[PDB]
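**Student:**
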Ligand SMILES: NCCc1c[nH]c2ccc(O)cc12
Ligand SMILES: [Ca+2]
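Numbering (mature numbering (1 follows the signal peptide of the UniProt record, and there is no 0)), first residue to last: 7 to 229.
(1) For residue 55, write down the residues that DSSP places opposite it in a beta bridge.
(2) Would you list the residues sitting across from residue 143 in a DSSP beta bridge?
(3) Within 6 Å: the Cβ of residue 179 and any heavy atom of ligand 1?
(4) Sorry if obvious, but does the Cβ on residue 63 come closer than 6 Å to a heavy atom of ligand 2?
(5) Under the rule that 16 or more other beta-carbon atoms within 10 Å means buried, what is residue 69, buried or exposed?
(6) CB-CB under 8 Å to residue 108, same chain, minus the five flanking residues each way: which ones, in chain order?
(7) I'd like to know if the stretch 192-211 and the stretch 126-141 are in contact, where contact means that at least 3 CB-CB pairs between them fall below 8 Å.
(8) Any heavy atom of ligand 2 within a distance shorter than 6 Å of the CB on residue 60?
(9) Tell me the DSSP bridge mates of residue 169?
(10) Kindly indicate the opening and closing residues of the alpha helix (DSSP H) around residue 224.
(11) Please return the same chain residues whose Cβ sits closer than 8 Å to the Cβ of residue 115, not counting the five positions on each side in sequence.
(12) Could you give the C-beta distance for residue 143 and residue 10, rounded to a whole number, given that I count them as a contact under 8 Å?
(13) With the cut-off set at 7 Å, would you say residue 141 and residue 59 are in Cβ contact?
(14) In three-state terms, what does DSSP make of residue 75?
(15) Comparing C-alpha positions only, which one of 66, 176, 63, 196 sits nearest to residue 165?
(16) Starting from residue 115 and walking both ways along the beta strand (DSSP E), at which residues does that stretch end?
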């Protein structure tokens with residue numbers, strides 16, 4: 007997260023770190039046994055880390071739970087990043103508490119101008135590299151479909167939205183992938199892609215979770 011703030015320990019209780027020997031993606035806990043992330047975060051050998059603030063120190067609220075199954079959206083296209091969503095089932099249920107909590111799926115799609123919270127452990131610089139150890143947060147609005155299409159001509163599908171700032175300086179970045187965009191206490195987006203980080207006229211692009219609620223619910227019901 008570029009141009010964000012330090013969230014504060016366990017203030018984003020649905021935020022997960024996907025770990026394969028090191029943090030490589032974020033995700034969101036949507037019930038005690040399931041995580042939502044980006045399809046571009048897919049790999050085998052995932053450990054889900056819940057209750058994290060500093061990902062390099064054991065602070066005492068963590069739960070580390072292996073993935074039993076990963077389900078990439080059936081229509082994910084790695085070239086276009088259309089349908090950039092995946093579900094991860096945990097081997098055992100998380101213990102839910104004030105610091106490890108699920109985020110609700112949306113019943114409706116959020117409108118342009120809605121303020122959201124984006125979070126992650128990704129890079130904090132728009133040029134060069136500095137990876138924070140503690141969770142970073144950014145408040146950002148959802149942009150109009152027309153401003154998003156104007157920023158990324160020919161690349162925005164009905165399964166994507168833009169959020170952030172056309173002036174630059176504030177955005178999700180590398181390592182924030184798969185993490186949550188939460189608006190009015192609902193999961194509306196997943197950190198998906200963009201042209202670099204925090205560049206002028208190049209806001210972040212997010213998977214539009216409201217389009218996937220039936221797939222999520224039917225997949226969880228049967229797996
Ligand atoms: N808006 C940040 C999007 C993002 C997701 N993953 C990324 C990887 C590299 C990068 O430059 C950017 C990204
Ligand atoms: Ca920790």
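Backbone N, C-alpha and C define an ideal beta-carbon position, used for all residues, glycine too.
**Tutor:** On the basis of the coordinates in this document:
(1) DSSP, once it has assigned bridges, lists 23, 70 as partnering residue 55.
(2) The partner list for residue 143 (beta bridge, DSSP) reads 11, 125.
(3) Distances between the C-beta of residue 179 and the heavy atoms of ligand 1 include at least one below 6 Å.
(4) Yes, the Cβ of residue 63 comes within 6 Å of a heavy atom of ligand 2.
(5) So residue 69 ends up on the buried side.
(6) Cβ-Cβ distances below 8 Å link residue 108 to 20, 35, 36, 37, 38, 102 in the same chain, with the five nearest sequence neighbours on each side left out; the list follows chain order.
(7) Output reads yes: the stretch 126-141 touches the stretch 192-211.
(8) Residue 60: yes, Cβ under 6 Å from ligand 2.
(9) DSSP, once it has assigned bridges, lists 148, 210 as partnering residue 169.
(10) Bounds of the alpha helix (DSSP H) holding residue 224 are 219-227.
(11) Sequence-distant partners of residue 115 (beyond 5 residues in either direction) whose C-beta falls short of 8 Å from its own C-beta, in its chain, are 194, 214, 216, 217.
(12) Contact between residue 143 and residue 10 is confirmed by a C-beta separation of about 5 Å, below the 8 Å threshold.
(13) Inclusion of residue 141 and residue 59 in the CB contact set at 7 Å is warranted, their separation being smaller than that value.
(14) Residue state, collapsed to three classes: strand.
(15) When only C-alpha atoms are compared, the closest one is 196.
(16) That residue, residue 115, is in no beta strand (DSSP E); it is neither H nor E in DSSP.
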